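Take a look at this single chain in structure tokens; it is the form deposited in one PDB entry.
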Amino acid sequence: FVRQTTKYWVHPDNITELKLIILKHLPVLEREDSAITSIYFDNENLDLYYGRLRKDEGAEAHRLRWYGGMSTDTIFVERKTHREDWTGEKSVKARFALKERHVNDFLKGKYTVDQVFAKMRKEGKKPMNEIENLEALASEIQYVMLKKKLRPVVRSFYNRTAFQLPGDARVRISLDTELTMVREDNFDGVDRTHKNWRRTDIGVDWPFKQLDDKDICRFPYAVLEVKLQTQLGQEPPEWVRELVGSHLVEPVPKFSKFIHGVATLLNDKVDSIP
């Protein structure tokens, strides 16, 4: 079989109609469970933003992500690294999990790499080479956090719903809704975070009505992702071809939420905008 993954933008007010159509064909796989929140880090010079915008060889993006509501304790510390084609290497994404109570301390170097990985080394369930890999990752994140004086700058939030028939991978779909960016920085003298890795005056309670609305960017689209596995040489189901060819959706290229968030919410601060 051949794979295809495609993303489409959807007008917000077509969401219900779109979900109804999908549900005729694929079933859905508290309301807070569907939340995905990521806190992107950068510094006062927006060094990481510019590095990612320009696609510098080696340009890193750093974000801390959690799935679900505010009782979720597992925080994923994530780093993306851009590699230019000329290197012969592919860009990479990597992450490791941390309990929430260790996040501030880890980022500050008060909770050490050895401490992060002590228990997983003790249980020896993970191959040591993988643990080594994760240690190099954690150390390098800790280092850039300090060296580049990074702090929380923008949050991305959205809800993800997935639709899938068990045992049939011909078509799998996800729908991301409530796409939102929220300021996390202190650049205007407003201390949004009070030394924490994320602001705590909101949770996953979109659309965050309690906040200063200038801190919020509500994205004007939802995102549909369709993944196909098509036996060569058959066709994808007719209903999918019809849907994707309809007025309800439009194909879109790769779009950075980090870049969109900074460029939109801190427009007065950037001197290059996509």
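Rigid core (definition): largest C-alpha set, two forms, superposition within 1.5 Å. When you see a residue number, it is the position in the sequence shown, counting from 1.
Another form, the form deposited in another entry, is not on view; read the next lines as being about it.
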Just one of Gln164, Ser139, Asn104, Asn133 has a CA that shifts 2 Å or more between the shown form and the other one on a core fit; which is it?
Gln164
Core-aligned C-alpha movement of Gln234 between the shown form and the other one, 2 Å or more:
yes
C-alpha of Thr6: shift of 2 angstroms or more between the shown form and the other one, rigid core aligned?
yes
Establish whether a shift of 2 Å or more occurs at the C-alpha of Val252 between the shown form and the other one, with the two forms superposed on the rigid core.
yes
